[PDB]
Amino acid sequence: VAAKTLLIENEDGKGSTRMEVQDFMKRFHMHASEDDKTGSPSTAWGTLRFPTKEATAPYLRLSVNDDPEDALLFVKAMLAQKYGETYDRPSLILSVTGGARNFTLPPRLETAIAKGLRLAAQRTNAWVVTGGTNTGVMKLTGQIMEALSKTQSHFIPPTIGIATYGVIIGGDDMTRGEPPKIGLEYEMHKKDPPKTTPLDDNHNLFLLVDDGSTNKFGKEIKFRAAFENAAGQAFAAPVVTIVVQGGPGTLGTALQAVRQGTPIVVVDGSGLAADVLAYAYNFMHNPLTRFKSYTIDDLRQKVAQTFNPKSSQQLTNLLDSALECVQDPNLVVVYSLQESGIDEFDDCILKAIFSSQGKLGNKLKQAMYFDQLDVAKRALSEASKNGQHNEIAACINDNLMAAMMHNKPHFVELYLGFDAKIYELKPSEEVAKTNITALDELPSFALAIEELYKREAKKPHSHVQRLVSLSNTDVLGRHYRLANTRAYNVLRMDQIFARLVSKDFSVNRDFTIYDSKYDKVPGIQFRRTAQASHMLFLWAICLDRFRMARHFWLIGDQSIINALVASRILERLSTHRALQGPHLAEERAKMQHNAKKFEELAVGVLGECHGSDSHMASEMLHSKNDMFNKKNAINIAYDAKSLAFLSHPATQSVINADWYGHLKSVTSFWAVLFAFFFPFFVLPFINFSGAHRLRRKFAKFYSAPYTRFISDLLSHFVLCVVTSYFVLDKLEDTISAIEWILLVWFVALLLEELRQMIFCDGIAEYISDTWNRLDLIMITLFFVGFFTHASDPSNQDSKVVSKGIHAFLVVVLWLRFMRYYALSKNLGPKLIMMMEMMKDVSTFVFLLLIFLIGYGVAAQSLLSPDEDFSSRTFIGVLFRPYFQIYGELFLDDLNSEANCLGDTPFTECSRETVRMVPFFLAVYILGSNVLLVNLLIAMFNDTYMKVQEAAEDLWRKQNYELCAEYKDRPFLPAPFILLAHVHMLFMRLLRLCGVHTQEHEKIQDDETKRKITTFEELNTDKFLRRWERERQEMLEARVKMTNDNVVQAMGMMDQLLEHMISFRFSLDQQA
Amino acid sequence: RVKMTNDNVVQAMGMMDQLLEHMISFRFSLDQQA
Ligand SMILES: Nc1ncnc2c1ncn2[C@@H]1O[C@H](COP(=O)(O)OP(=O)(O)OC[C@H]2O[C@@H](O)[C@H](O)[C@@H]2O)[C@@H](O)[C@H]1O
Ligand SMILES: CC(C)CCC[C@@H](C)[C@H]1CC[C@H]2[C@@H]3CC=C4C[C@@H](O)CC[C@]4(C)[C@H]3CC[C@]12C
Ligand SMILES: CC(C)CCC[C@@H](C)[C@H]1CC[C@H]2[C@@H]3CC=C4C[C@@H](O)CC[C@]4(C)[C@H]3CC[C@]12C
Ligand SMILES: CC(C)CCC[C@@H](C)[C@H]1CC[C@H]2[C@@H]3CC=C4C[C@@H](O)CC[C@]4(C)[C@H]3CC[C@]12C
Ligand SMILES: [Ca+2]
Ligand SMILES: [Ca+2]
């Protein structure tokens, strides 16, 4: 079943149009006989079902007088039927022409040539033009292309066998039947006259050149050379011809290659015409002393031995064709296993590409393939030493975006190190004029990053276009739920990163520093390199390329903040619904491994900052970044939410220095408690930092969060003591004054809870605090107890109902006093561990509960039957068994309720069936105090030994949060917090209505921030170097490079043994 | 011991390159001698 519509490319080359298949191949023609100029309409084309080949290979019989552009359009239609319109464009045209007979080759030379051809087909995605023979040098190149097709998945490289229709083995049967031949069985073993060889069954496609004649070979050399010239003119690709052995037709192919300017590669030492070309390269081109013995007589003897001409004029024409093949030394590259080696065949292929004409963009763009850079570094050194600095600077931007396209980071570092700037990048296409001023203000390198995002979204099954398609934002970047063309601009990328990483981030994209009026500043080039490195770093995080983002994280600054934003961005990209799917799991796991790899390095950089200078690191961590929405890096670490960052002791020292504030940290808890007890008698005596300095010292004392912690703990302790004295006092007939004190006190706590709800960081976070929910239960049960007392103040029954609910309150009021235990070094993680441990007691309650109610219904059955059902029956089920697991089993009370009058207590009873009571007890008590009670002990030992370090890390995160919450809370205690809320409401009414309020903020100096930036760059580099010293200090990598040196010692051992065998053969032949 | 084995394989590469340069010089002297 062939395709009904064919996507044919136009003459402009932009896109393809769907049209008819038979109208497309009406221009292609075949020839039944050699006398017809038009020949026939083409019907020997379609799909060939080869044996041992499940892929439907396209085959096409085209005329010798037909156009090569129609064959290129048929190859583009076969590529559009292969992988759609999103095709992999080739960059090399490798031709396999040579020995059609199955000649003799060395195994190591053919192994190195097949490995270099498979590496070139894997790297460049090259087009293989074969001769169509099933035997000879086309069979070994077809086996190398079949090994490259079996080795490499996804888009296979297309290999085309260019044979003749003159050799028709089933091609007359392919001409039989209506076109298109969908699923035609290509019988290569079927005998048709005068065909002698089978076709290229290992090729991905077949092209049969037709003249209508028969058993005449060499008629298609012209059409294969015209197709190689059309492939060189189509994709602007170089064409190199690989030659192995080779008969008489091989030489002419190369002549026609060297006359047209196509370079050729000859496998030297293979034999036949390639040995004659190697002898002609030894005579005419090689000036060495071992190659000095070759002359024209030895080349004429090799031409008489190899090709065997019957005539002397044919021997003179073969000698002129051998001299014409060695006439151009640039277009001839001879590769041998004894000369080049084993891993230098593909280097000779890249040297034959590199010996072309001097288009340096096409030279260096082809040089960034198969992980090799020493040819391009020597070419850049030759362009630097030649003085041609204009064309290298013209081509280095295209080489930089091509090296950033195909993930070659050594070529990225070689292009960036060769006097080039990454902020002066040009886009691939022109930028349209935007009506919005935000898109119009971006320069051309942001259009180049948007062209990289369009090339990343042009790949099929992309998560980038699914992420933009599930973003539901506008084209400017706001979430408002032309625009489709510019949807991959960098501001919308920054908004969909800042919505994904946290809430309420907006980066400072200062794009006005790229003007030339501000270009005379001494530090604006490092700032524009920092902005270009930050946008290319966010591009490399978005494509999840780890080494590219490591290099862009290296050349930029603020590495800790950018690494933590990238670690939270790759934490949250794995949890996104657009990046979740069937095939996204392995990329999400490797991207989470890259998230842990970015999580380790900034912790190590801040460890090197703590090893360098602790005071400069404390000045670093309180510096608010202007490009990170004026926030400190500890808040960025909180929105990163990584517990390994906050468990570092340098960040804990920054948190303790923010806890003590401007006061020095020599005071203990009792010294600050005595200073809060005696303010006027200790504040000139304290060591901190005429009456204005003491007033500034008192204002620095009461602005500390630890002073507000002591004031809030003393206010809650005074509440709990005065409220417990209210509960234990007898309520009178009138309203007492201490109830008015607790009413105004708890109305001030209700105003504090309304201030905590109105100025909240989200309403869902206010519910998610446990202690604010306990404050809600606290204020609600005080309003129920106040309304129950004030409904009827003279009734004693309403007073004891009010004290009976106030008992539940004063149970609740001492459970709020856990919160001031969190700043201790010992109470905190054990309290967090107790709140973790409550789930294991709840499953202990869920395991005993059915034992409890089963023995309770058995004990209430056996203790008192023949009785009716009541609430006392529920008391007989649940009350007495529950306290038997705690110690006071009530066995004398069961003797009194058992109605037995014996001396030993269960004898002489009224019933025989009552005595089983102690026996169910003997089982209930056994199980409860032996199994379950003991099991928990083993639960608590295992739960402690699992999550004690998670209790330490969540205790330190509670540390930052408290500091932040009691830096946020105003300094007055609870009784007066209503006067501070009245002063805050008067300040908000003065700011909102009168608008006379003003404030001043501390502005950081530029030289101080430059000192922090050079301190971070000196540590960043230092940590990287040490890691790189420590990464080559482990066992496994040094055993790995020792193993690679023993394998290269085997290679140098085999080269020295081959040189010693050649010296022994020269010493044997010398005498 | 893995460290000094690695240093001996690196100095074996240095003596291997010196022996290969001496064998290339002896092969060039045998080529230029006859
Ligand atoms: N493309 C071909 N396929 C099969 N047989 C061929 C081909 N071309 C020629 N022959 C016939 O096969 C015989 C073996 O050819 P060789 O002398 O080994 O090679 P050569 O004559 O140079 O063939 C030239 C062509 O063959 C392909 O290997 C290669 O594409 C080259 O263009 C020759 O006598 C020739 O008549
Ligand atoms: C329900 C939620 C808020 C839990 C808080 C517990 C307090 C507020 C509730 C739970 C159970 C309640 C008691 C249930 C039953 C009675 C008997 C009635 O004749 C007087 C009130 C009294 C004594 C209630 C007082 C308030 C009480 C103790
Ligand atoms: C597995 C364990 C935790 C089960 C929980 C025990 C519950 C269901 C039982 C154990 C003891 C019981 C109490 C014991 C006695 C009385 C006095 C009387 O006025 C009946 C209700 C009341 C107040 C019971 C209520 C329910 C009670 C609290
Ligand atoms: C299989 C499980 C239940 C264990 C077996 C234990 C059973 C068979 C035994 C253990 C203790 C026994 C009781 C011990 C003593 C007496 C008092 C006697 O005047 C009547 C029988 C009675 C009440 C027994 C009934 C059977 C009894 C409950
Ligand atoms: Ca840096
Ligand atoms: Ca609160």
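Values quoted throughout were computed directly from the atomic coordinates according to the rules given, and no laboratory measurement underlies them. Using ideal geometry, Cβ is built from the backbone for each residue, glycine included, and neighbour counts are taken over all protein chains shown.
Only sites in a loop by DSSP and with at most 13 other Cβ atoms within 10 Å count here; which trypsin sites (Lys or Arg not before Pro) in the range A:211-294 make the cut?
A:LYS216, A:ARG290, A:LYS292
Might you report the magnitude of the Cβ-based charge dipole of the range A:1005-1071 about its Cα centre, with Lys and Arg at +1 and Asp and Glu at -1, to the nearest 20 debye?
160 debye
How many percent of all Cα-Cα pairs in the range A:691-810 sit more than 25 Å apart?
The answer is 38 percent, as a whole percent.
From zero outward in steps of 5 Å, how is the percent of C-alpha pairs of the range A:149-278 spread across the bins?
Pairs per bin, as whole percents: 2, 9, 14, 18, 19, 17, 13, 6, 1, 0.
Which value in nm describes the separation of the simple spin-label points at A:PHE511 and A:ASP1044, placed 7 Å from the Cα toward the beta carbon?
Using points 7 Å along Cα→Cβ, the separation is 4.3 nm.
Tell me, what is the FRET efficiency for A:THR734 and A:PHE681 to the nearest 0.05, using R0 = 35 angstrom and their Cβ-Cβ distance as r? Display every interim value, and only then the final one.
Numbers: r = 41 Å, r/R0 = 1.17.
With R0 = 35 Å, the Cβ-Cβ based efficiency is 0.30.
Toward the positive end of the charge dipole of the range A:937-1028, about the Cα centre and with charges on Cβ (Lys, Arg +1; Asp, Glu -1), which of A:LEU1024, A:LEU962, A:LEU992 goes farthest?
A:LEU992
Please give the Cα centre distance for the range A:742-758 versus the range A:382-449, rounded to the nearest Å.
After rounding, the separation between the Cα centres reads 61 Å.
What is the fewest-to-most order of A:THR575, A:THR124 by other Cβ atoms lying within 10 Å of their Cβ?
Ascending number of Cβ neighbours within 10 Å: A:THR575, A:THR124.
May I ask which of A:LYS426/A:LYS590; A:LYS503/A:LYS967; A:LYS664/A:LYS957; A:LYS459/A:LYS631 have a Cα-Cα span longer than 28 Å here?
Long pairs (Cα-Cα over 28 Å): A:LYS426/A:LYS590; A:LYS459/A:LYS631.
Per 0.36 nm of contour for each residue apart, how much would the distance between A:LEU989 and A:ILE875 grow if the chain were fully extended, relative to their Cα-Cα spacing?
35.0 nm
Can you figure out the FRET efficiency of A:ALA671 with A:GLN1055, using R₀ = 60 Å and their beta-carbon distance, to the nearest 0.05? Please list the in-between numbers first.
Values: r = 78 Å, r/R0 = 1.30.
The calculated FRET efficiency here is 0.15.
Quick one: Kirkwood hydrodynamic radius for the range A:455-585, alpha-carbon pairs, angstrom, one decimal?
Result for the range A:455-585, one decimal place: 16.1 Å.
So how strong a dipole does the protein assembly as shown carry about its Cα centre when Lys and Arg Cβ are +1 and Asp and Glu Cβ are -1, to the nearest 20 debye?
Numbers: 118 positive and 127 negative charges, 366 e Å.
For this selection, approximately 1760 debye.
Rounded to the nearest 500 deg cm²/dmol, what is the calculated helix-only ellipticity per residue at 222 nm for chain A, with -39500 (n - 2.57) per DSSP H run of length n ≥ 4?
My calculation for chain A gives -18500 deg cm²/dmol from helical runs alone.
Per residue and in cubic angstrom, what volume does the convex hull of the Cα atoms of the range A:774-925 have?
Values: hull volume 29.8 nm³, N = 152.
Dividing the Cα hull volume of the range A:774-925 by its residue count gives 196 Å³.
Would you count, across the range A:70-198, every pair of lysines whose alpha carbons are under 24 angstrom apart, provided the pair is eight or more residues apart or spans two chains?
So the count works out to 14.
Compute the whole-percent fraction of alpha carbon pairs in chain A spaced more than 46 Å apart.
56 percent
Fewest Cβ neighbours within 10 Å first, please rank A:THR38, A:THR141, A:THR1020, A:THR111 accordingly. Numbers along the way, then the final one.
Numbers: A:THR38 9, A:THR141 31, A:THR1020 24, A:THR111 15.
Fewest-to-most Cβ neighbours within 10 Å comes out as A:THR38, A:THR111, A:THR1020, A:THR141.
For the range A:683-755, just list the percent of Cα-Cα distances falling in each 5 Å bin from zero outward, please.
Per 5 Å bin, starting at 0, the Cα pair percentages come out as 4, 11, 16, 16, 13, 11, 11, 9, 5, 3, 1, 0.
Mind checking B:9-19 for the average number of partner chain beta-carbons within 10 Å of each residue's beta-carbon? Each step should come with its number before you reach the end.
Working: counts 8, 3, 0, 4, 5, 0, 0, 7, 1, 0, 4.
Average neighbour count from other chains, rounded to a whole number: 3.
Quick one: Cα centre-to-centre distance for the range A:78-106 and the range A:510-547, in angstrom?
43 Å
Mind jotting down the distance between the C-alpha centroids of the range A:922-1000 and the range A:118-175, whole Å?
Cα centroid to Cα centroid, the span is 72 Å.
Measure off 7 Å from each Cα along the Cα-to-Cβ vector at A:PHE217 and A:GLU430, then give the distance between these two points in nanometres to one decimal.
Between A:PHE217 and A:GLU430, the simple spin-label model gives 5.4 nm.
Taking +1 at the Cβ of each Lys and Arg and -1 at the Cβ of each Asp and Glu, which of A:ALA237, A:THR306, A:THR1008 sits farthest along the dipole of chain A towards its positive end, judged by Cα position relative to the Cα centre?
Working it through, the farthest residue towards the positive pole turns out to be A:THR1008.
What FRET efficiency do you get for A:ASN390 and A:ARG527 if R0 is 30 Å and r is their Cβ-Cβ distance, rounded to the nearest 0.05?
0.60
State the answer as a single residue: which of A:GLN884, A:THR175, A:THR473 lies farthest towards the positive end of the charge dipole of chain A, with beta carbon charges of +1 for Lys and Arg and -1 for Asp and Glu, about the Cα centre.
Value: A:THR473.
Assuming 0.36 nm per residue, please report the length gained on full extension of the stretch A:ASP893 to A:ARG1029 beyond their Cα-Cα distance.
41.2 nm
I need A:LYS408, A:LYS195, A:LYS82 ordered by Cβ neighbour count within 10 Å, fewest first.
In increasing order of surrounding Cβ atoms, one gets A:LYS82, A:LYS195, A:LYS408.
For the range A:907-1029, what is the charge dipole size about the Cα centre, in debye to the nearest 20, if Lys and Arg each add +1 at the Cβ and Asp and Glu each add -1 at the Cβ?
So the dipole magnitude of the range A:907-1029 works out to roughly 80 debye.
Binning at 5 Å from 0, report for the range A:246-385 what percent of all alpha-carbon pair distances ends up in each bin.
That works out to 2, 9, 18, 20, 18, 14, 9, 6, 3, 1, 0, in percent per bin.
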